[PDB]
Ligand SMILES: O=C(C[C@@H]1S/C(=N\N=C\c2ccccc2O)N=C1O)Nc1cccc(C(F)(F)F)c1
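Next comes just one chain, in structure tokens: the form deposited without the ligand.
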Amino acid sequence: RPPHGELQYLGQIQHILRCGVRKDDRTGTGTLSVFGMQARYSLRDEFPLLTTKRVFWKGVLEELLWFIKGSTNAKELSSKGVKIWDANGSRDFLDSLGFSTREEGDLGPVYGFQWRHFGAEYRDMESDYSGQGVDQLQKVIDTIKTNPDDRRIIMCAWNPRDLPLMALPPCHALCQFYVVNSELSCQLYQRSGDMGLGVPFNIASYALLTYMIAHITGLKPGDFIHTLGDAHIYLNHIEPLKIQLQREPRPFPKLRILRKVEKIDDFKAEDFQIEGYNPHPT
């Protein structure tokens, strides 16, 4: 009787179709669009991997793990057979940014470096930043263990000084955690969200991070609150979304963590099994 948590994402899509405004330009790109939306996804016994269309779960878990180790090296992930960042590591592409002296796959100070060493002077993908900058992930885990009530438990990836050094500016600007009755919640502030391709992955990433952090602090998962800045759909995806919005949601799968892990760095693709996941065909 509480509605399926997937109807919120589908509503947001109804909405952009009914009211976005056509920021134009049948000259490649071309979008419908709306500014500011907010969705709440339960994490209690379910795990919100969308079902009306399949999400690249393997690219989810692998990219999250590549952020936790602080990497900013795209080859290092691309070897887990997740390619989503390689176009951004390609020499012609850096070459179009004056990164002419960077080795291919050096993305600059992108999420893993902002999560692990915010503030450090960034040299390049092979340097060692041990002890430099602030480690937001750790500080966040400690504050949860020792002051769950703190209203300051934030993690920021948007670093205006580092921005001209990044091979692309981040979508997720910041996430805030929050703790009550032993449940752990999370709110992601995303500046720009493609309603078709990325938003369902981005929802999985942050839910998963919430599980992993709940696990390691011995709290139980709560709500994941997805807030969006610029939410858009590309005109070319309207047809496929229009069909996609007929499909009745299917029950969200579940996720087990298969061992007791105590440091965040300690996690490995195999500690997780997504069980029950059955989405519509594409």
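Residue numbers here begin at 1 and follow the sequence given.
There is another form of this protein, the form solved in complex with the ligand, and it is not shown here; the text below is about that form.
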message = Counting 3 or more ligand atoms within 2.4 Å of any backbone or C-beta atom as blocked, would the ligand, superposed onto this chain from where it sits in the deposited complex, find the site open or blocked?
response = blocked
query = At the 4.5 Å heavy atom threshold, is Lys53 in contact with the ligand in the deposited complex?
reply = yes
message = With a cut-off of 4.5 Å between heavy atoms, is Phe201 one of the residues that contacts the ligand in the deposited complex?
response = yes
key: the ligand contact in the deposited complex: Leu77, any heavy atom under 4.5 Å   = yes
query = Just to confirm, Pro148 within 4.5 Å of the ligand in the deposited complex by heavy atoms?
reply = no
inquiry  = Using a 4.5 Å heavy atom cut-off, which of 39-47, 214-222, 55-63, 249-257 contacts the ligand in the deposited complex?
reply    = 55-63
